[PDB]
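Q:
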Amino acid sequence: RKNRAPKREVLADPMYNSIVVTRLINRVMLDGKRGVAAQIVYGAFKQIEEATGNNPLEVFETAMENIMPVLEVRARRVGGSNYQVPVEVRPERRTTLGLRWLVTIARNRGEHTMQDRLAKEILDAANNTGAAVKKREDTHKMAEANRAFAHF
Amino acid sequence: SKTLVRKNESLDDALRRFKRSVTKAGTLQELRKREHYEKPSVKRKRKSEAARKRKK
Amino acid sequence: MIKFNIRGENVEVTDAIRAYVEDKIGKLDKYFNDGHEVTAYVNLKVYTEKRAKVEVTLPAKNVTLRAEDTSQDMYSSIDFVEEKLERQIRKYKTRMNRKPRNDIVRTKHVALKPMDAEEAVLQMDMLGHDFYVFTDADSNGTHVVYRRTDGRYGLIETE
Amino acid sequence: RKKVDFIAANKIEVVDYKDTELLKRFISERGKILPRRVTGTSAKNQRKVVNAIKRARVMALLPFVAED
Amino acid sequence: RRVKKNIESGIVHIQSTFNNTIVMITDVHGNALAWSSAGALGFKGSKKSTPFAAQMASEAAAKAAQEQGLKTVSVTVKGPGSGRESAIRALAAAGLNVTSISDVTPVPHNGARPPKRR
RNA sequence: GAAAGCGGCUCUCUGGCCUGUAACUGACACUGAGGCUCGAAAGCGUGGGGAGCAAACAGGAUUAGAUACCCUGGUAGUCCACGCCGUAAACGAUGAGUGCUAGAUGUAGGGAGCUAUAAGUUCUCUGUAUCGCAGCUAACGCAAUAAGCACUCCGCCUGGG
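Residue numbers (UniProt numbering), protein chains in the order written: chain Z, 2 to 153; chain R, 2 to 57; chain G, 1 to 102, 129 to 185; chain V, 12 to 79; chain Y, 8 to 125.
Structure follows, in structure tokens:
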């Protein structure tokens with residue numbers, strides 16, 4: 002629409018000190034089940050607490066590096082000549098898309114509990130390989146085809 | 002005749018020499034309009050109010 | 001194609017000219033890609049056919065377009081209105097296929139007529155400038171009256 | 012700032028082909044002619060010069076094709 | 008065990024067409040051992056005259072010129088296009104010694120008829 | 001240049017105007033059916049020349065389909081001497097002759113002054129615009145190179161298919 006109509010803001014964590022704790026609640030939390038959502042998030046820094054026992058931001062922020070790409074895409078046409086001319090949006094939206102990525106693979110895995118397949122992707126996020134880095138290189142390799150800007 | 006080179010030109014300086022001066026070469030309008038051949042009554046659509054629109 | 005909904009909504013249904021409906025929408029199935037749904041919805045009344053209403057709606061997989069149009073004969077409404085569907089697809093060729101369609131202003135004195143140098147006392151008072159942009163009528167050329175800071179009639183004058 | 016047609020400068024009538032560049036500053040830098048609009052010419056007096064420039068362009072006294 | 012040369016002032020024949028571009032580096036009259044095109048690389052599609060693809064096309068044979076071992080460039084550009092400019096700044100900045108970018112686009116004078124209307 | 005049309009360059013013989021001019025004829029004027037000539041564009045005849053372009057046709061997209069637009073080509077044909085058709089939006093869908101006259105206006109090339117210690121202006125003629133007095137029409141518009149006001153030569157036109 003026309004304007005920069007305002008967004009909303011949730012508060013950052015005092016427990017493990019990240020706003021993406023409660024934004025991780027903003028993607029795992031479905032049907033407004035915020036207490037179960039915090040049970041999964043606090044249970045996931047508990048998944049850090051068995052595996053490494055370190056700060057949440059090691060696995061959580063290396064995970065953020067895995068799931069925050071550089072580039073995203075856009076449809077831009079001449080009259081049908083859809084040059085996929087790209088953009089590189091800011092870390093609130095990039096972090097938001099990475100939250101879609103961790104809710105994606107840390108949701109849709111046929112394992113035992115939400116903290117068990119989210120133990121597969123928060124613990125494999127502690128293994129910091131595979132699906133996330135490919136889940137951004139799937140757009141990163143396209144940029145050479147996205148070399149055109151407004152040329153023809 | 003052709004010096005091809007502005008006075009101690011640099012890369013972007015010769016780029017501005019060829020952009021500016023070779024834009025005032027006229028080296029492109031007759032070519033792009035000479036993409037295709039036209040009827041000679043269209044050659045005087047060329048020789049019409051385009052040039053009169055340029056001056057007057 | 002996929003599905004119909006044949007509906008004679010005032011008179012009973014008879015599948016000779018309804019089959020003719022089925023064959024001209026057979027020519028919709030000459031101009032089809034996925035004939036997703038149609039619906040016949042027709043209406044004829046009393047008083048020796050002072051109308052002939054017919055309808056078929058067209059939810060195709062991307063576009064939807066209905067047709068509740070008339071003639072005197074219902075047979076002529078099937079004729080001219082399904083031919084209207086043919087010419088509608090003739091309108092829907094390019095509407096379907098051709099998804100490509102292919129500081130100081132560098133200027134002169136803004137005033138027009140020349141004013142003499144005594145009028146520059148009024149010309150400075152004319153528009154509200156301390157100088158007076160006026161081609162001098164008394165003096166041969168251009169003259170202007172400034173405002174000296176002592177408080178008297180000034181003169182911005184090459185003179 | 013006058014600089015129109017050079018005719019009042021080389022007043023009059025001479026030659027207009029036995030110069031080298033005195034008449035032939037009508038050249039452009041690319042071996043073609045100065046414009047009749049940038050020069051802004053008196054039309055058939057420009058023809059009185061150009062009707063022998065078209066000779067003197069290509070009389071092997073002048074580069075008729077050039078750039079820069 | 009093949010014949011090689013060490014020339015220094017090569018002559019860089021680059022033709023920007025209105026769909027593609029050859030990028031060539033040439034001998035003294037000359038002839039080109041280090042040479043390429045855009046279309047040498049597989050940029051066949053809308054990518055045929057993207058100017059940064061033309062930058063790498065004006066980079067690949069440019070760095071292949073050191074097989075011979077030349078650094079100063081005797082540049083000659085012919086023809087315009089939709090990818091010419093970043094190629095121009097490319098070989099102006101391709102580990103080279105840009106001094107003379109020639110402009111040799113040949114000009115007829117109401118010559119042969121082009122092919123017709125469109 | 002009546003138009004059709006006419007643009008590398010140089011020669012050959014070649015009309016046609018205008019500016020001045022009464023030197024001179026002394027109305028030789030205007031036209032114009034008939035008849036005659038010229039004349040787009042193709043094509044047709046004979047003989048060449050055969051780059052590039054392109055009817056015809058082929059191949060590839062195109063879509064339901066493509067005998068089309070695009071691309072790849074590619075024949076006739078385009079060019080040269082040499083004969084013909086006589087039909088073109090022939091146009092400006094505005095016949096020819098001459099007279100009249102608000103002006104703002106283009107540009108040629110003369111005639112004259114002109115502005116003088118080199119500058120730069122005014123009148124006059126044919127040209128070709130643009131606006132607009134009057135006049136003007138159904139309106140649109142025309143208007144000094146009148147769609148205004150006159151007369152002589154011609155021509156057309158009679159509701160549509």
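Yeah, the Cβ is synthetic: ideal placement off N, Cα and C, and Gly gets one too.
#1: Along the chain, which unbroken stretches of the beta strand (DSSP E) at least 3 residues long are found entirely within the stretch 62-94 of chain G?
#2: In whole angstroms, give me the CA-to-CA distance for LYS29 (chain V) and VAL114 (chain Y).
#3: To which residues does DSSP link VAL21 (chain Z) through a beta bridge?
#4: Got a sec: is the Cβ-Cβ distance from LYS70 (chain Y) to anything in chain R below 8 angstroms?
#5: Name, please, each residue of chain G whose Cβ falls closer than 9 angstroms to the Cβ of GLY111 (chain Z).
#6: Using a Cβ-Cβ distance under 8 angstroms, would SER53 (chain Y) count as near chain Z?
#7: Does any CB atom of chain R fall closer than 8 angstroms to the CB of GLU32 (chain V)?
#8: If I'm right that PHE25 (chain Y) touches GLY88 (chain Y) with Cβ under 8 angstroms, what's the distance once you round it to whole angstroms?
#9: In three-state DSSP terms, what is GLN22 (chain Y)?
#10: Give me the Cα-Cα distance between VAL25 (chain V) and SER44 (chain Y), rounded to the nearest whole angstrom.
#11: Quick one: any contact between the stretch 7-23 of chain R and the stretch 100-109 of chain Y, if contact means 3 or more CB pairs under 8 angstroms?
#12: For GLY37 (chain Y), I'd like the list of residues in its chain whose CB is within less than 6 angstroms of its CB, leaving aside the five on either flank, ordered along the chain.
#13: At 7 angstroms on the CB atoms, spell out the chain Y contacts of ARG137 (chain Z), in chain order.
#14: How would you list, in chain order, the residues of chain R whose beta-carbon sits under 8 angstroms from the beta-carbon of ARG96 (chain Y)?
#15: Have a look at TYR31 (chain G) and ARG101 (chain G) and give me their C-alpha separation to the nearest angstrom.
#16: So, are the CB atoms of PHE4 (chain G) and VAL38 (chain G) less than 8 angstroms apart?
#17: According to DSSP, which residues form a beta bridge with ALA68 (chain Y)?
#18: With a threshold of 8 angstroms on Cβ separation, who are the neighbours of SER82 (chain Z) within its own chain once the five nearest residues in sequence on each side are excluded?
#19: Please check if any C-beta of chain Z sits within less than 8 angstroms of the C-beta of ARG101 (chain G).
#20: Taking the CB atoms as reference points, tell me whether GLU74 (chain Y) and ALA41 (chain Y) lie closer together than 8 angstroms.
#21: Does DSSP put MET152 (chain G) in a helix, in a strand, or in coil?
#22: Check distances from the C-beta atoms of the stretch 71-85 of chain Z to those of chain G and list, in chain order, the residues that come in under 7 angstroms.
#23: Compare the C-beta of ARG9 (chain Y) against all C-beta atoms of chain R and say whether one is closer than 8 angstroms.
#24: DSSP puts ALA101 (chain Y) in a beta bridge; with which residues?
#25: If you count every other CB in all the chains shown that lies within 10 Å of the CB of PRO70 (chain Z), and 16 or more means buried, which is it?
#26: If you run the structure through DSSP and keep just helix, strand and coil, what is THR53 (chain Z)?
#27: Can you say whether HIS135 (chain G) is buried or exposed, counting buried as having 16 or more other CB atoms within 10 angstroms of its CB?
#28: Could you confirm whether any beta carbon from chain Y is found closer than 8 angstroms to the beta carbon of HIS152 (chain Z)?
#29: Mark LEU124 (chain Z) as exposed unless 16 or more other C-beta atoms lie within 10 angstroms of its C-beta, in which case mark it buried.
#30: Listing by chain order, which chain Y residues have their CB less than 8 angstroms from the CB of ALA149 (chain Z)?
A: Based on what the coordinates show:
#1: 68-70
#2: 28 angstroms
#3: Answer is none; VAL21 (chain Z) lacks a bridge partner.
#4: Interface annotation, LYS70 (chain Y): not in contact with chain R, CB-CB separation never under 8 angstroms.
#5: Residues of chain G passing the Cβ test: none, with the nearest at roughly 33 angstroms.
#6: yes
#7: no
#8: 5 angstroms
#9: strand
#10: 54 angstroms
#11: Taking 8 angstroms as the limit for Cβ pairs, the verdict is that the stretch 100-109 of chain Y does touch the stretch 7-23 of chain R.
#12: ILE18
#13: Here the premise fails: no neighbours, minimum Cβ distance about 22 angstroms.
#14: Against chain R, a Cβ distance below 8 angstroms from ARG96 (chain Y) picks out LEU12, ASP13 and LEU16.
#15: 21 angstroms
#16: yes
#17: Answer by DSSP bridge pairing: none, since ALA68 (chain Y) is not bridged.
#18: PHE153
#19: yes
#20: yes
#21: Assigned with DSSP and collapsed to three states, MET152 (chain G) falls in helix.
#22: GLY80 and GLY81
#23: no
#24: None; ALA101 (chain Y) has no bridge partner.
#25: buried
#26: In this structure, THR53 (chain Z) counts as coil in the three-state DSSP scheme.
#27: By the neighbour-count criterion, in which a residue is buried when 16 or more other Cβ atoms sit within 10 angstroms of its Cβ, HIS135 (chain G) is exposed.
#28: Among the residues facing chain Y, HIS152 (chain Z) is included, as its CB has a counterpart in that chain under 8 angstroms away.
#29: buried
#30: Listed along chain Y, the residues sitting closer than 8 angstroms to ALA149 (chain Z) by beta-carbon distance are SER53, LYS54 and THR57.
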